[PDB]
């Protein structure tokens, strides 16, 4: 039915607003990650920013009216060092899939908007992987395993694609001469 004048309508705008701020936060965090020497982590933040843009677009496409008042609490800033930024992000992601989305999906059902409850529940699934990914990176940093493993693996320079075998990523890539910050664990997903 019509969305105008329902708790769900107000809920979609709230989700859109939080997702909108998250996209900006993740992009700023990506910038700081790059300046901290974590290029792979920098690009993940950027990718996540992009994915929130898409969660925001699906929700926005449901909206049909003019002005709508919202009451909501959002994190009042802070761009810190990368490890802290990763911890703050996971926490935000955590609240979305554990509290915000489940609740909004539940309400949309009570109100006869199953398709929107379907979308709200599906976004939460993606929000769970974002948190996990942020948590793993935070841990690697804290344990110092970002650029060095205990056993010998293959490392890839994201800048030129040079593959390196060893316990750790080299100081400078021998092909493109870009620094260690550009190396990641070689991955294959096909």
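Positions refer to the first chain, counted from 1.
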{"item": "Of 25-33 and 148-156, the one with larger mean CA B-factor", "value": "148-156"}
{"item": "Mean temperature factor over C-alpha atoms, higher-scoring stretch between 162-170 and 10-18", "value": "162-170"}
{"item": "Residue, from 49, 41, 125, 68, that the PDB entry assigns the highest Cα B-factor", "value": "68"}
{"item": "From 91, 119, 84, 108, residue of greatest CA B-factor", "value": "108"}
{"item": "Residue 63 by Cα B-factor - lowest, middle or highest third of the modelled chain", "value": "highest"}
